[PDB]
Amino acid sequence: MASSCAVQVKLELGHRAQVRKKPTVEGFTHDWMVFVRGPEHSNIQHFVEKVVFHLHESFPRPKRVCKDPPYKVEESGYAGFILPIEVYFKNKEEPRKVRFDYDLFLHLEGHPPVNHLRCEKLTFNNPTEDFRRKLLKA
């Protein structure tokens, strides 16, 4: 052109994984909770339409959809797995979403609980003006 806006927003992906006192009856051993949020209390709700957590097939309604904060899933299980997360934007132009393969891993009974944090930076090249102010309100 030559001119370009490069808007960068920050995301936090993380999960807690605790061992239950007594297992559930269904037999599950652990309690975990997985989330997506902005760092340092950023309201990502401004540019995030919805967050989609894709659980394992073993779960009922494995597709969990949060379209209002907090964007998180709470469950109970026996094993860890790769959990595809999809974050949809208040976009109108590509990319409409971003996908992460989140490792929801669990620790053993004699080991301390999991409190994992993962950082992701998003870069939008030449976004629209309306989507920009949304991104910058975060």
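A residue's number is simply how far along the shown sequence it sits, counting from 1.
Asker: When the Cα temperature factors in the entry are averaged, is it 49-57 or 103-111 that ends up higher?
Answerer: Here the higher of the two C-alpha B-factor means belongs to 103-111.
Asker: State which stretch shows the higher mean Cα B factor in the entry: 38-46 or 69-77.
Answerer: Here the higher of the two C-alpha B-factor means belongs to 38-46.
Asker: Can you tell me which of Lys121, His15, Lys21, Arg118 has the highest Cα temperature factor in the record?
Answerer: If I rank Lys121, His15, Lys21, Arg118 by C-alpha B-factor, first place goes to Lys21.
Asker: Classify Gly27 as lowest, middle or highest third according to the C-alpha B-factor given in the PDB entry, relative to its own chain.
Answerer: Highest third - that is where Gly27 ends up once the chain's C-alpha B-factors are sorted.
Asker: Among the modelled residues of this chain, does the Cα B factor of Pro62 put it in the lowest, middle or highest third?
Answerer: CA B-factor rank for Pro62: middle third.
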